[PDB]
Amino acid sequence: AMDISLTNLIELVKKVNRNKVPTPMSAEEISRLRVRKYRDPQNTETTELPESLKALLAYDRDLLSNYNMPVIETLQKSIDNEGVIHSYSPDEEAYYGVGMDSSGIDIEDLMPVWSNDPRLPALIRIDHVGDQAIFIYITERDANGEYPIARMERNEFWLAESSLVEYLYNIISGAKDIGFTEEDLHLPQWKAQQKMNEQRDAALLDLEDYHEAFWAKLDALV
């Protein structure tokens, strides 16, 4: 019986927002936005933003969760003049994941760190409340206009929440006056979409790993 619409989500986001200077993007600005379809920077094909991201930008581009931490800050660094969100690539997260941040070797010398297979979908980075990396996985939108969420922790990368909507409901659940807890968020429609997403995107997820050439360079080090 729980109501998990985008409209409801934004009311809850308005409710917890710790940002004292809300800065909505206008409708016009939001309308121009597109996102690159593929991870490959030379591939200029674009596709639609998910509905959740457009609704968040329309409310406050600088919102801070109940954790007093941002959600959609980093992704704004990827927006060009034409309004295209260029793909993020998880090489820094991958590099830190195998502890190479303490190697004294500049990441640039070991690029590509992560796979650069030409099939890989675009990523939008989401700012997270813990150590993990969170991404919107730009494959195909679902019936609600959402893309899946992917997570990365140390060397592991996987499809996780059904969408940014599910991710945010979970973030917001810890607030006491919010009307629900994490125990209310085991919704069959979310599990069903996650199952669909995994079937649909399995061949792409199978490509998400460290580059062979990265292992080769590490093996060659003295």
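Residues carry their position along the shown sequence, with the first being 1.
> Tell me which of 191 to 199 and 60 to 68 has the higher mean C-alpha B-factor in the deposited entry.
That would be 60 to 68.
> Tell me which stretch, 5 to 13 or 201 to 209, has the higher mean Cα B-factor listed in the entry.
Averaged over C-alpha atoms, the B-factors run higher in 5 to 13.
> Would you mind checking which of 121, 130, 90, 148 has the top Cα temperature factor in the PDB entry?
Max CA B-factor in the entry, restricted to 121, 130, 90, 148: 130.
> Comparing recorded Cα B-factors across 113, 138, 105, 75, which one is largest?
Highest C-alpha B-factor among the listed residues goes to 105.
> Among all modelled residues of this chain, ranked by Cα B factor, put residue 34 in the bottom, middle or top third, i.e. lowest, middle or highest.
Middle third of the chain for residue 34's C-alpha B-factor.
> Taking the chain's C-alpha temperature factors as the reference, tell me which third residue 170 falls into: lowest, middle or highest.
Ranked within chain, residue 170 CA B lands in the lowest tercile.
> Please rank the C-alpha B-factors of the chain's modelled residues and tell me whether residue 49 sits in the lowest, middle or highest third.
Middle third - that is where residue 49 ends up once the chain's C-alpha B-factors are sorted.
> When the modelled residues of the chain are sorted by Cα temperature factor, does residue 26 land in the lowest, middle or highest third?
As the PDB entry reports it, the C-alpha B-factor of residue 26 lands in the highest third of its chain.
> Ordered by C-alpha B-factor within the chain, which third holds residue 177? Give me lowest, middle or highest, please.
Within its chain, residue 177 is a highest-third residue by C-alpha B-factor, going by the deposited values.
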